[PDB]
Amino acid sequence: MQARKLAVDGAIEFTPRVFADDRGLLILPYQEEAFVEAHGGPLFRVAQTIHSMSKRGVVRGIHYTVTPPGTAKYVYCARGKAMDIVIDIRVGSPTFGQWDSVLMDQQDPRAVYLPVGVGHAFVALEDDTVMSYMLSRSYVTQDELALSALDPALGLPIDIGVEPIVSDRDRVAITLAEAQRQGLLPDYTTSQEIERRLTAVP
């Protein structure tokens, strides 16, 4: 497993080796040693998992959790192909307002660790694209907020030549700048404090 720090502070791309034999293939998308090496502590305790399947051209996001309590996440693409996007919405972060992207496919699988307090989006590049997540806390509707992924300010890589397929909640989402003004974005210091508790060495 190789680890590469993303441009959004604390976000990490992991590239597992793919093992093949006559029966099929194997990857180990999360591995404690590689994770600790890159992050400095183990994964959060897992509260919930997600299996999301999307049609080509679906854009989901930008999703974040009200912080506190916040949510950290670990995601990979288990089928199909996605452009995964991390957006740093943590006020005070050295990388506030920046994003980075990871192409997730089946030939060269990559997983991403999303710190507490960041935003997540993706676009499905193929039908039957599965995004598989581990979360640090169960999804609670009242704590789950959204920002506009289509915000021309951000210029996210979410246009693939079809009209995007977007939910109501994502379509009407306010922009990053509007959320900031309203006091709705996570604070970087607070986010890192929570994150260090979640990923503390037992």
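In this text, residue numbers run from 1 along the sequence as written.
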item: Higher-scoring stretch by recorded Cα B factor average, 102-110 or 73-81; value: 102-110
item: Stretch with the greater mean C-alpha B-factor as recorded in the entry, comparing 56-64 against 157-165; value: 157-165
item: Criterion, highest CA B-factor; candidates, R171, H51, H39, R45; value: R171
item: Modelled-residue ranking by C-alpha temperature factor, third containing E178; value: highest
item: Third of the chain's Cα B-factor distribution that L147 belongs to, per the entry; value: lowest
item: Record-listed C-alpha B factor of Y188: chain third; value: middle
item: Chain-wide C-alpha B factor ranking for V18, given as lowest, middle or highest third; value: highest
item: Where the record places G117 (Cα B-factor, split into thirds across the chain); value: lowest
